[PDB]
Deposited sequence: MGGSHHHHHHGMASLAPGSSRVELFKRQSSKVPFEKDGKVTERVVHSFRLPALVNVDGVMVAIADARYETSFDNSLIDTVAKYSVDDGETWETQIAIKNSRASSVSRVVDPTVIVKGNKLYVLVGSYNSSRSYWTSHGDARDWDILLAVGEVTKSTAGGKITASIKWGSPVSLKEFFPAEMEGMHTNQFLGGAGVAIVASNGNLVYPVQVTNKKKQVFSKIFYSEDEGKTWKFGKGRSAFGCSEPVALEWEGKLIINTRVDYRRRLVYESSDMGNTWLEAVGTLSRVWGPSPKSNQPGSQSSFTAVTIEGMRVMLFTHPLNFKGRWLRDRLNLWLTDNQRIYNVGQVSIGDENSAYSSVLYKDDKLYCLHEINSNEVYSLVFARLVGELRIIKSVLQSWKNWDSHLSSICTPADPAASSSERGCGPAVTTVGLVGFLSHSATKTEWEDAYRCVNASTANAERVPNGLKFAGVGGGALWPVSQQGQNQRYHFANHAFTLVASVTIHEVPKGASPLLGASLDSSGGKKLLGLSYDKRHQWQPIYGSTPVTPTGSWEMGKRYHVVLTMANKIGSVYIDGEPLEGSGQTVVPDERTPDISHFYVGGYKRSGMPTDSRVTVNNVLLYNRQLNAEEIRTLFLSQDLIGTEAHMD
């Protein structure tokens, strides 16, 4: 893929070409840089600022590095270059590393680890003999040169914050810590907040919250932490909580939420945790990620980037952009070009303009290109228009009492309704479509029939990035159904499957030749219950929360519903939801049924919300508006 139409870029920090003002021995010389890495792009009072690593001689992490900075007043049309922080010059490999930036006022708060002579990766160090943690502040000043506007950043001498690092943390002895790289934040209470990666004497890595209530003079660590294995954390604030997105090498990315500045950390199992995989099989090294909360056209949202890493190891090709409102998760597309190597990145939203500063690597020689995400922001605005519209549409429906409670759109992730192509049932939220077989389009839905007939809404089948991972912890699946033929035995209607066939179910609804419902609770022996008549329309709700599954028909629980569907302590790994058959020609069954308006929620709905959905089933369809 490549940049969306209308978008373009330029190699801003050009490898082995761009020069910087390297200072040594009171002298200063324009020195060429082999590699530029660790991109951090921010907006300071109108000034666009780009911070990064200046790796003078090699791209090897443990070499000579200073923190470079280029700034613009014309939004990337022209840039001034400087060195924001120079390393100790103690050896040929002295360096200030992984700059992490926070903008507050006309101030740049830059946190970097500092090493003097070690040629070993920081996480392999057994002690802090070679380490320090420094904070440098750059103050921005705008003015006018030849009639036109100009600016200048004055950089302060870095200050050691090592005095704020406790020798002990709950059950361990501290070693070193660094910022999470990229861009950090100012909390809504004013606090400077840096998600930091810390090591202990057992050489384990884990993330913590390192914050300041006094503009940067003193610092504290939240009492809590992530699990071990969580590095380069990146955080944002969302609805009064910090959402900390972590890199986990060779594993799916863990995401945590903290309401108390890091004293307690809860994994975001019902929203973003384990959604993003570091590679197709999530068995390769991860990456630093841009993760920010922006307000586009009135709507608060989060932007996330990470490479797909098809190539493997650290190559990390295909830098992708994601959009989420903490409910739906949309893949905006690929920001890097073709299959170039593009790991670390930084996305900025400034004056309704979207930009990205990210790495491009060829033979371990890095450059930072500066891209104008024009087509991308177009797509983003459009998708948000779609979410706002469908939410407004559903919320404005006057439900049967003059009106009863409004249809709930809180936690509504996907909706399969009128729109369907020959092979796909389309998500009105435009994030995840369902694949189909033997389906005939009908108002607000599809009519199925035949061995192999049905629809498949992927969960673990989505692949590397699993937007419906939350379903393994809780969900509500809703649908209107009509059975056209009494089955020979027991046929599937709606369900959450644990395997690819649909034979190993988590929670499901089947119907049998004796006109009874067959709710399936995990691998528990089935017991038919209730009755139905052929050709009659029914309303079905499947919910799961607290390892318990329930099945409702026409708004009411079936007898004996509410059983444990998650047997032990291992978390489910739902493969997909099946609707109107298994969509597997390999399953014998034949479901002749019509299913309309399938809704997917990331929580268990309550009795009233279930009641309103039932009464309102003929009002929610997308049909009239396409």
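Positions of the deposited sequence absent from the coordinates, in order: 1 to 12, 414 to 422, 648.
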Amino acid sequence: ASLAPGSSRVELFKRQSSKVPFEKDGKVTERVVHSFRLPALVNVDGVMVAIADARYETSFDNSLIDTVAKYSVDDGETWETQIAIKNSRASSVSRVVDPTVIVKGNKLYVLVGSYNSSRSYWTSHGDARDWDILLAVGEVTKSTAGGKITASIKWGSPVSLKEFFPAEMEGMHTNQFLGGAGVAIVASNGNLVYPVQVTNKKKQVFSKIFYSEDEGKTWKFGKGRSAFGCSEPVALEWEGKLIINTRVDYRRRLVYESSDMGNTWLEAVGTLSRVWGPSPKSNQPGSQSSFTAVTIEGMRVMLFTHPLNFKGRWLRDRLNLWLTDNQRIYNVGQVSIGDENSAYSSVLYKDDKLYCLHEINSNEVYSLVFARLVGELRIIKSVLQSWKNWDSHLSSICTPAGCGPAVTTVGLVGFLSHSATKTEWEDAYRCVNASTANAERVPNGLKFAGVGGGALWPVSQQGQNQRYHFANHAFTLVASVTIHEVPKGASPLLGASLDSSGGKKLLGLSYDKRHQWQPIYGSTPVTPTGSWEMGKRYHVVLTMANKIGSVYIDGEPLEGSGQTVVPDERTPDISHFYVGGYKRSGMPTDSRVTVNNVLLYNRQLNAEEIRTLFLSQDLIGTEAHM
From here on, numbers count along this sequence of modelled residues.
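Note on 150 to 158 vs 255 to 263: mean CA B-factor is higher in 150 to 158. For the two regions 553 to 561 and 569 to 577, the entry's Cα B-factors average higher over 553 to 561.
Of the candidates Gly411, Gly222, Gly113, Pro487, the PDB record gives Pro487 the highest C-alpha temperature factor. Highest CA B-factor among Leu373, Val248, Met544, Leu416, as stated in the entry: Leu373.
In this PDB entry, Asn465 carries a Cα temperature factor that places it within the lowest third of its chain's modelled residues.
Annotation for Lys505: C-alpha temperature factor in the lowest third relative to the rest of the modelled chain, per the entry. Ranked by Cα temperature factor within the chain, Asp75 sits in the highest third according to the deposited record. Sorting the modelled residues of the chain by their CA temperature factor places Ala40 in the middle third.
Per-chain ranking of the deposited C-alpha B factor places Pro278 in the lowest third.
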